[PDB]
Amino acid sequence: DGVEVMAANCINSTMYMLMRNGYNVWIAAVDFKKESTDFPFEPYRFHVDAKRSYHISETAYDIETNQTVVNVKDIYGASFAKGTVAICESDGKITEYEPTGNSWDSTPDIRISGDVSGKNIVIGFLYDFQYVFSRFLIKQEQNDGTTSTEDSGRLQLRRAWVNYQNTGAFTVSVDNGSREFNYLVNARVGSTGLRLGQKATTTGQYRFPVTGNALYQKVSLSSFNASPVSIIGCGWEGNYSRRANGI
Amino acid sequence: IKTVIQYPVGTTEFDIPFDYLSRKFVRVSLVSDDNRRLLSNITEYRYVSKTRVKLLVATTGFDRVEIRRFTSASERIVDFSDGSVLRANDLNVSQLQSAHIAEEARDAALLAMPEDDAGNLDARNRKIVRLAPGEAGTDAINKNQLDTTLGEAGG
Amino acid sequence: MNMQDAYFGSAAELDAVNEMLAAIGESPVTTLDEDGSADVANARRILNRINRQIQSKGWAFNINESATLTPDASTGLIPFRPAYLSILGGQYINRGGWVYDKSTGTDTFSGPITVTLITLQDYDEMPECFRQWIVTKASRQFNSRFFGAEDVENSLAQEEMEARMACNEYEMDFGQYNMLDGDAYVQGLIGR
Amino acid sequence: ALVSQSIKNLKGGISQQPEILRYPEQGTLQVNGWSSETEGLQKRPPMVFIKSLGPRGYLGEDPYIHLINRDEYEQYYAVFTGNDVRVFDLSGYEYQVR
Amino acid sequence: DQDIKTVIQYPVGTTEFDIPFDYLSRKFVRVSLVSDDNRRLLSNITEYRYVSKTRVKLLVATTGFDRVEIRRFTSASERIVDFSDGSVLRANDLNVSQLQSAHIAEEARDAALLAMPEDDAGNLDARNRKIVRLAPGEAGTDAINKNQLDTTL
Amino acid sequence: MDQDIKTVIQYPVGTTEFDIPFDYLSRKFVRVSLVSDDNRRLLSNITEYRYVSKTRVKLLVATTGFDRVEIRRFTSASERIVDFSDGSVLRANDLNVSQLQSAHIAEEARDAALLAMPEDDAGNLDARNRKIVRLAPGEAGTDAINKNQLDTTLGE
Amino acid sequence: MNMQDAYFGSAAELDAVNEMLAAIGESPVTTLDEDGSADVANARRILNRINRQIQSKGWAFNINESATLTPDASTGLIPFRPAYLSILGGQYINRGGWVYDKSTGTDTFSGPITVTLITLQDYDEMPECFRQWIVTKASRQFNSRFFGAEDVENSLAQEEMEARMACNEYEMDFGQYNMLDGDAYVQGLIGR
């Protein structure tokens, strides 16, 4: 929210860069790892921002309150203003820990729940991957190399679909002037990929209803998750009903 | 009755016999035949362990210490979320909350008069206090009516 | 888990909407959100209209010929509820939100009046033959309004016709109408 | 009748052009997205946090920063504040400068 | 306990009432006109309408009835969430699935608490109410009505 | 049955085949008993009765000496029909059945709670033509009395 | 349901699903429970709907003209279970989830009532001719909804018509109806 980026320099894939926060300055890197994880214990990449691995001390558990108190400032060495802190255990469980009140500088402690002790959690801030489509209009390839649309008659588009490689349970939102519909893409029930122990890989294609005039239906994407997403393509279909043929 | 237990006063340490999903569902209260008061956590008592508690305040004026389970249906112990790995234990605990509420409902019925076996209503060797005089023959009769009517016939 | 030892049934309303979506080839919906998904919002709106429309036709089981309407207590006005699909057995026109006698120019009734009434009923409260017609007709409409395929519409046109016949036979089987002994005028002529 | 079109790949990007003029691949908004060559669109890789360099203003309000890449072993990350110079390595350790 | 949330009764004289509990379906909500001698369940569709998610309005007259009752009665036969193979798994469905069972169980607990409870003395408390009907007792320790008493007299 | 009770039904005798009026997850949860005013005895599957269909049973034992036939549902709370384990594929049938078992137990608790003596609309306790069995002797002046005291004071 | 052997109730239903899959050219499956997918699940849903649709039409073997419904013991309410595809032969309309009477405005019944009932019966315990019709009709409906081919639907339409005739002949052979000695009115006229 108030994080300022300065001096972003990259060596090979890794991209080093320094940030200001309003409380502290730190150095961070972005690595384009493929089929690998930052830390050995985590099952997958845990796409959570400002991530680092912390080993909670054994004594950091209270029988009275039955909570494992974790300090954000003691594990990061800095202080943060706002954001949803996500704490990820080894098995893949993820819990969001929004601050109790008035930023993290005032209240930097996290209560957790049951006994955790030493488990090597991964702590970071969740970031929102958002992408909105252009209007689903009829596009003609033409011959000079540019794409041209036609807008003589209205088009009532009926359904749309999205193709995805793996994804991590993102969501699809359809918005027009009046209302707003949300469709969630995730692993199908009764699928070999979806197993109780393991993470959901969910390869396939998803079709969702988008109804109304083409010019007003707005389709967007959002993840806000620690799981990776991967959208390949999309499509649509509807009733054109042109009035006058174009010479 | 598993969800409700009562202990005589005189000890600071008391056990919790029933399994509970959250510490907030457990209710600790001081019970006397005249008055009854609830105890708040931390200030009035603290948890020695998972199954044991200790009372910080004094128990004067109260005959018994009661521990009862009151599972809240409004709040769910297991919050299912996308992007978090689902577990078999999470599914098992999710059903367990509904099962615990049903168990309290069965016990709460047992505190009142439920039907036993072939219909009827049983008071488990418990007398019925207060009650009102019966206007009609079908209506139950209190001991005052018996004493007056058969006391005069008796004497 | 052996399914033969277990007998249970799902929601009838959910299946009807769920069967409507399968008519165009879409995947099932777990719950009737009505806000998150446009299919549920569009399907239930169509299903409610088709259910209401078919009941208003008038059948031997939903027509109540002895229905009575109490005319309030202080004023004679009878509320003409929108649930009333049709009022017959007399001339009543819903003049101003109240039942109107239309034969005597009065809006206030001293006592209860007997009318032939068709009140709206829940979808799950219908005979199975009528339920199949409601779903098939609604899904056929739900195709044309929203999906609008060609081979799907042709297939559903035959399915709706077949379901309408099944309801017609049930109408005759339920009523057992007769042109000699059940007829209101010939029965008098039979007397000798 | 029912007419359909498909966008095979979302390499695309962002377009400020009017919706009629822009290509199907280009979108309107894209934040924290990595449009890879093989996979059409991906969430950007997580930002790992290593070391804290001090309070805000430790590097000045508007510093000039240069990266020194000499060997696989040594990489220096020189910062010129308003009135001082500071040197850091890629591991976050600070070197005194005289 | 007095924290019962599923059952509430309002006095008549108002066209609109508030539902104090949350519900999963509109057909799990029961609205009735209650009197000392007569009691009838107001249907949906005709008798009343929903002003909002938490408020109803009566379209009928309450003459002859003293109180208006709103009670939650969730049915387990009608599942709000039905899972199907090949359908997207959503955490909202899992949350609602657990909620329905809790709603029925909470209704069970409220019904039991609404019965006559035993006081802290360990014996049943009638709270100055009179037990009615109560078919005559045949066993020795059974409770009796005055028909048993009058024949005894 | 009725609107408030679903898991319990009683049929008068006079026929051999009876209908199960509720949905169930296992046949062990359906209990068939022969009920009379004096006594009431439970019937075992196969030997005493056999399942005609998924919702209808036929009883092989003679029904003499009894007034009614009761069919009641008893879902096992301790024993779960569906047990979830890690590494196994998640199926919709398992999710449906696991949800239903918790729901069926909840109904049975609701019926048991409603069967306890409730307050009626008039505002007083309603025994619903059921005799109060057991019960302890009443000592205070405003106490419910048993027939032992009624017989005791009759002697004098 | 098969009380003799529970295997037959699942093997037969496996073949029905395994036969609708082949209608669109799909390799057979081996275990129905362990093969979830989104295509087998759709197949079972259509088979279940088609099964009760054909049964609810009314045939000489699934109609019980002497069926009785016991109306509880203390109360007089008959639950209207969803297994009752059609309750005709009277004026019972399923008022509020219970059995109504229409002719008499009552819901409670003193004693058992006889009525012509059609009860939903399992697929595996149907006549073989009707089993073939149920599968063939379901596979034809399963093609149009999801695959929606052209030459496949033309071939399946002929098969459904051919299979329906076989059931019609069996329905006639089962009942062996007579217009002289089986007719309910000519029998009296034949008397001499």
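First chain written, first letter: the chains are A, B, C, D, E, F and G, and each begins at residue 1.
Basically, a residue touches a chain if its C-beta (ideal position, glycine included) is under 8 Å from a C-beta of that chain, and two chains touch if they have at least 3 such contacts.
Considering every other chain in turn, the ones in contact with both chain F and chain G prove to be A, C, E.
For this structure, the chains sharing the highest number of C-beta contacts are A-D. Taking the mean of each chain's C-alpha atoms, the chain closest to the overall C-alpha centroid is E. One inter-chain figure worth recording: chain C and chain G are separated by 23 Å, centre to centre, where each centre is the mean of the chain's CA atoms. For this pair, chain B with chain E, the centres built from the Cα atoms lie 21 Å apart. With centres defined as mean CA coordinates, chain D is found 61 Å away from chain B. Rounded to whole angstrom units, the spacing between the C-alpha centres of chain A and chain C is 47.
Shown for chain E are the residues in touch with two or more other chains, namely 77, 79, 81-90, 92, 94, 98, 101-102, 105, 108-109, 111-112, 115-116, 123, 126, 129-134, 143-144, 149, 152. In chain A, the residues that reach two or more other chains under the touch definition are 158, 168, 184, 186, 188-191, 194, 196-198, 223, 239. Multi-chain contact residues of chain G (touching two or more other chains): 1, 36-38, 41-42, 45. This structure has the following touching chain pairs: A-B, A-C, A-D, A-E, A-F, A-G, B-E, B-F, C-D, C-E, C-F, C-G, E-F, E-G, F-G. Interface of chain E with chain A (complex): residues 83-90, 92. Looking at the complex, you find that chain G touches chain F at residues 1, 3, 33, 36, 41, 68-70, 72-75, 77, 79, 81, 83, 111-112, 119, 121-122. Residue ranges on chain A touching chain E, taken from their complex, read 184-191, 194, 200, 206. The touching residues of chain C, when paired with chain D in their complex, are 147-150.
For chain C in complex with chain G, the touching residues are 2-4, 9, 12, 19, 22-25, 27-28, 61-62, 64, 66, 125-129, 132, 149, 151-152, 155, 159, 166, 169-170, 173-174.
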